[PDB]
>>> print(open('input_16.pdb').read())   # PDB, C-alpha atoms
ATOM      1  CA  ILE D  75     -34.576  48.868   5.981  1.00  0.00           C
ATOM      2  CA  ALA D  76     -32.007  47.302   8.323  1.00  0.00           C
ATOM      3  CA  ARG D  77     -34.671  45.212  10.075  1.00  0.00           C
ATOM      4  CA  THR D  78     -36.366  43.927   6.923  1.00  0.00           C
ATOM      5  CA  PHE D  79     -33.554  43.371   4.410  1.00  0.00           C
ATOM      6  CA  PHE D  80     -30.014  43.813   5.707  1.00  0.00           C
ATOM      7  CA  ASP D  81     -27.958  41.071   7.325  1.00  0.00           C
ATOM      8  CA  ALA D  82     -26.820  41.693  10.883  1.00  0.00           C
ATOM      9  CA  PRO D  83     -23.121  42.541  11.387  1.00  0.00           C
ATOM     10  CA  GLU D  84     -22.842  39.657  13.874  1.00  0.00           C
ATOM     11  CA  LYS D  85     -24.104  37.146  11.299  1.00  0.00           C
ATOM     12  CA  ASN D  86     -21.773  38.419   8.571  1.00  0.00           C
ATOM     13  CA  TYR D  87     -18.847  38.544  11.015  1.00  0.00           C
ATOM     14  CA  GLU D  88     -19.223  34.940  12.174  1.00  0.00           C
ATOM     15  CA  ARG D  89     -19.922  33.816   8.593  1.00  0.00           C
ATOM     16  CA  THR D  90     -16.611  35.411   7.582  1.00  0.00           C
ATOM     17  CA  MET D  91     -14.880  33.620  10.473  1.00  0.00           C
ATOM     18  CA  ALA D  92     -16.293  30.241   9.391  1.00  0.00           C
ATOM     19  CA  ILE D  93     -15.305  30.851   5.751  1.00  0.00           C
ATOM     20  CA  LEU D  94     -11.771  31.808   6.838  1.00  0.00           C
ATOM     21  CA  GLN D  95     -11.478  28.650   8.964  1.00  0.00           C
ATOM     22  CA  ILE D  96     -12.684  26.314   6.201  1.00  0.00           C
ATOM     23  CA  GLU D  97     -10.480  27.804   3.485  1.00  0.00           C
ATOM     24  CA  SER D  98      -7.428  27.849   5.780  1.00  0.00           C
ATOM     25  CA  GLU D  99      -7.946  24.138   6.493  1.00  0.00           C
ATOM     26  CA  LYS D 100      -8.245  23.409   2.764  1.00  0.00           C
ATOM     27  CA  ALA D 101      -5.060  25.380   2.015  1.00  0.00           C
ATOM     28  CA  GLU D 102      -3.090  23.523   4.697  1.00  0.00           C
ATOM     29  CA  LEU D 103      -4.354  20.182   3.379  1.00  0.00           C
ATOM     30  CA  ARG D 104      -3.327  21.147  -0.175  1.00  0.00           C
ATOM     31  CA  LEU D 105       0.194  22.020   1.005  1.00  0.00           C
ATOM     32  CA  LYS D 106       0.393  18.696   2.852  1.00  0.00           C
ATOM     33  CA  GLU D 107      -0.816  17.021  -0.361  1.00  0.00           C
ATOM     34  CA  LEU D 108       2.071  18.486  -2.351  1.00  0.00           C
ATOM     35  CA  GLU D 109       4.675  17.600   0.288  1.00  0.00           C
ATOM     36  CA  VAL D 110       3.322  14.060   0.784  1.00  0.00           C
ATOM     37  CA  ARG D 111       3.288  13.421  -2.979  1.00  0.00           C
ATOM     38  CA  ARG D 112       6.872  14.687  -3.300  1.00  0.00           C
ATOM     39  CA  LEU D 113       8.132  12.522  -0.424  1.00  0.00           C
ATOM     40  CA  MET D 114       6.221   9.446  -1.612  1.00  0.00           C
ATOM     41  CA  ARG D 115       7.580   9.667  -5.155  1.00  0.00           C
ATOM     42  CA  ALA D 116      11.102  10.359  -3.869  1.00  0.00           C
ATOM     43  CA  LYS D 117      11.066   7.430  -1.415  1.00  0.00           C
ATOM     44  CA  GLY D 118       8.566   4.875  -2.735  1.00  0.00           C
ATOM     45  CA  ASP D 119       7.629   3.461   0.682  1.00  0.00           C
ATOM     46  CA  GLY D 120       3.969   4.482   0.485  1.00  0.00           C
ATOM     47  CA  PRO D 121       0.828   2.971  -1.043  1.00  0.00           C
ATOM     48  CA  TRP D 122       0.905   5.569  -3.817  1.00  0.00           C
ATOM     49  CA  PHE D 123       3.199   5.024  -6.828  1.00  0.00           C
ATOM     50  CA  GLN D 124       3.276   1.269  -6.154  1.00  0.00           C
ATOM     51  CA  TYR D 125       4.529   0.138  -9.545  1.00  0.00           C
ATOM     52  CA  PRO D 126       3.793  -3.527 -10.347  1.00  0.00           C
ATOM     53  CA  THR D 127       6.327  -6.336 -10.065  1.00  0.00           C
ATOM     54  CA  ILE D 128       6.480 -10.076 -10.721  1.00  0.00           C
ATOM     55  CA  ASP D 129       4.259 -12.118  -8.413  1.00  0.00           C
ATOM     56  CA  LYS D 130       6.016 -14.858  -6.448  1.00  0.00           C
ATOM     57  CA  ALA D 131       3.113 -17.312  -6.762  1.00  0.00           C
ATOM     58  CA  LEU D 132       4.435 -18.332 -10.202  1.00  0.00           C
ATOM     59  CA  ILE D 133       7.622 -19.847  -8.737  1.00  0.00           C
ATOM     60  CA  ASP D 134       7.550 -23.648  -8.887  1.00  0.00           C
ATOM     61  CA  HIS D 135       9.114 -25.208  -5.780  1.00  0.00           C
ATOM     62  CA  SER D 136       8.750 -28.801  -6.998  1.00  0.00           C
ATOM     63  CA  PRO D 137      11.874 -30.968  -7.401  1.00  0.00           C
ATOM     64  CA  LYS D 138      13.202 -30.765 -10.947  1.00  0.00           C
ATOM     65  CA  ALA D 139      14.977 -33.218 -13.239  1.00  0.00           C
ATOM     66  CA  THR D 140      18.357 -31.571 -12.558  1.00  0.00           C
ATOM     67  CA  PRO D 141      19.720 -31.190  -8.994  1.00  0.00           C
ATOM     68  CA  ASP D 142      21.383 -27.821  -9.737  1.00  0.00           C
ATOM     69  CA  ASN D 143      18.591 -25.242  -9.609  1.00  0.00           C
TER      70      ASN D 143
ATOM     71  CA  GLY H 115      18.709 -65.056  -4.830  1.00  0.00           C
ATOM     72  CA  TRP H 116      18.110 -61.654  -6.442  1.00  0.00           C
ATOM     73  CA  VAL H 117      14.641 -60.945  -7.845  1.00  0.00           C
ATOM     74  CA  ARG H 118      14.343 -58.813 -10.964  1.00  0.00           C
ATOM     75  CA  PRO H 119      11.870 -55.965 -10.321  1.00  0.00           C
ATOM     76  CA  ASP H 120       8.719 -55.774 -12.412  1.00  0.00           C
ATOM     77  CA  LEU H 121       7.528 -52.832 -14.514  1.00  0.00           C
ATOM     78  CA  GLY H 122       7.415 -49.556 -12.601  1.00  0.00           C
ATOM     79  CA  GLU H 123       8.829 -50.885  -9.324  1.00  0.00           C
ATOM     80  CA  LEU H 124      12.067 -48.911  -9.693  1.00  0.00           C
ATOM     81  CA  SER H 125      10.049 -45.776 -10.549  1.00  0.00           C
ATOM     82  CA  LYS H 126       8.286 -45.631  -7.173  1.00  0.00           C
ATOM     83  CA  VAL H 127       9.078 -42.774  -4.824  1.00  0.00           C
ATOM     84  CA  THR H 128      10.873 -43.917  -1.667  1.00  0.00           C
ATOM     85  CA  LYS H 129      11.996 -42.631   1.725  1.00  0.00           C
ATOM     86  CA  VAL H 130      15.521 -42.590   3.139  1.00  0.00           C
ATOM     87  CA  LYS H 131      16.538 -43.122   6.778  1.00  0.00           C
ATOM     88  CA  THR H 132      19.211 -40.422   6.727  1.00  0.00           C
ATOM     89  CA  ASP H 133      20.826 -38.511   9.582  1.00  0.00           C
ATOM     90  CA  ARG H 134      22.166 -35.314   7.982  1.00  0.00           C
ATOM     91  CA  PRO H 135      20.379 -32.106   9.038  1.00  0.00           C
ATOM     92  CA  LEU H 136      17.991 -30.324   6.706  1.00  0.00           C
ATOM     93  CA  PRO H 137      19.754 -27.258   5.217  1.00  0.00           C
ATOM     94  CA  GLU H 138      17.720 -24.267   6.377  1.00  0.00           C
ATOM     95  CA  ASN H 139      19.364 -21.979   3.780  1.00  0.00           C
ATOM     96  CA  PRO H 140      20.170 -24.128   0.727  1.00  0.00           C
ATOM     97  CA  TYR H 141      20.164 -21.240  -1.776  1.00  0.00           C
ATOM     98  CA  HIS H 142      22.740 -19.120   0.149  1.00  0.00           C
ATOM     99  CA  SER H 143      20.357 -16.154   0.122  1.00  0.00           C
ATOM    100  CA  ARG H 144      20.331 -13.090   2.383  1.00  0.00           C
ATOM    101  CA  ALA H 145      17.778 -11.203   4.477  1.00  0.00           C
ATOM    102  CA  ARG H 146      14.568 -10.321   2.669  1.00  0.00           C
ATOM    103  CA  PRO H 147      13.718  -6.605   2.381  1.00  0.00           C
ATOM    104  CA  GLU H 148      10.980  -5.297   4.642  1.00  0.00           C
ATOM    105  CA  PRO H 149       7.598  -5.088   2.868  1.00  0.00           C
ATOM    106  CA  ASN H 150       5.540  -1.924   2.784  1.00  0.00           C
ATOM    107  CA  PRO H 151       2.991  -1.383   5.577  1.00  0.00           C
ATOM    108  CA  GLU H 152      -0.607  -2.247   4.754  1.00  0.00           C
ATOM    109  CA  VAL H 153      -3.740  -0.095   5.121  1.00  0.00           C
ATOM    110  CA  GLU H 154      -5.501  -0.023   8.492  1.00  0.00           C
ATOM    111  CA  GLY H 155      -8.439   1.862   9.948  1.00  0.00           C
ATOM    112  CA  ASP H 156     -11.947   2.801   8.893  1.00  0.00           C
ATOM    113  CA  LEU H 157     -12.690   4.766   5.720  1.00  0.00           C
ATOM    114  CA  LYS H 158     -13.420   8.245   7.018  1.00  0.00           C
ATOM    115  CA  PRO H 159     -14.947  10.636   4.453  1.00  0.00           C
ATOM    116  CA  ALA H 160     -12.937  13.285   2.652  1.00  0.00           C
ATOM    117  CA  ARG H 161     -12.367  16.501   4.588  1.00  0.00           C
ATOM    118  CA  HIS H 162     -14.337  19.440   3.118  1.00  0.00           C
ATOM    119  CA  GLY H 163     -15.055  17.649  -0.143  1.00  0.00           C
ATOM    120  CA  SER H 164     -12.649  17.089  -3.008  1.00  0.00           C
ATOM    121  CA  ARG H 165     -10.582  20.210  -2.112  1.00  0.00           C
ATOM    122  CA  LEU H 166     -10.091  20.869  -5.835  1.00  0.00           C
ATOM    123  CA  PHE H 167     -10.003  24.621  -6.647  1.00  0.00           C
ATOM    124  CA  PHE H 168     -13.407  26.257  -5.966  1.00  0.00           C
ATOM    125  CA  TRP H 169     -15.399  22.998  -5.771  1.00  0.00           C
ATOM    126  CA  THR H 170     -16.754  22.782  -2.227  1.00  0.00           C
ATOM    127  CA  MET H 171     -18.115  19.281  -2.870  1.00  0.00           C
TER     128      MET H 171
END
>>> encode(input="input_16.pdb", output="structure tokens")
Amino acid sequence: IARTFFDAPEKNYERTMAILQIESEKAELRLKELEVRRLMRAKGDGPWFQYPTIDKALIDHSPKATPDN
Amino acid sequence: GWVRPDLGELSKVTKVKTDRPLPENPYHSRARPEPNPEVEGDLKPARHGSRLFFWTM
């Protein structure tokens, strides 16, 4: 019965180790996701939460009809 | 001996042999704020899929 059907204890053991490693990495990355999102919204120096502003290509630098501008 | 200019002669753009320096800061502005850093590096794939709840991929 053990030869034909059952998984070896070595196989199940190392499978458990791999599952533990993968899920621990995912948990750490999720915690870093929450902290990075909090810091980025609190500071605003990152690519995320880059709220739009007025483009500076619309500024006309040509000389006008009035010298005071 | 003064000649009256014709039509459009006074409306030409001219050049002036001046000696005053060009004002480098005519608008009395200040230092510009530092822009955000850009994105650099290759697009590596996502680590272990979407990492959203039980979805492995």
>>> resolve_selection(input="input_16.pdb", expression="the PyMOL selection byres ((chain H) within 12 of (chain D))", output="VMD selection string")
chain H and resid 140 to 141 147 to 154 160 to 170
>>> atom_distance(input="input_16.pdb", atom1="CA of residue 77 (chain D)", atom2="CA of residue 89 (chain D)")
18.7 Å
>>> axis_aligned_box(input="input_16.pdb", around="region 118-126 of chain D", padding_each_side="5 Å", output="lines of an AutoDock Vina configuration file")
center_x = 4.7
center_y = 1.0
center_z = -4.8
size_x = 17.7
size_y = 19.1
size_z = 21.0
>>> atom_distance(input="input_16.pdb", atom1="CA of residue 134 (chain D)", atom2="CA of residue 125 (chain H)")
22.3 Å
>>> atom_distance(input="input_16.pdb", atom1="CA of residue 102 (chain D)", atom2="CA of residue 159 (chain H)")
17.5 Å
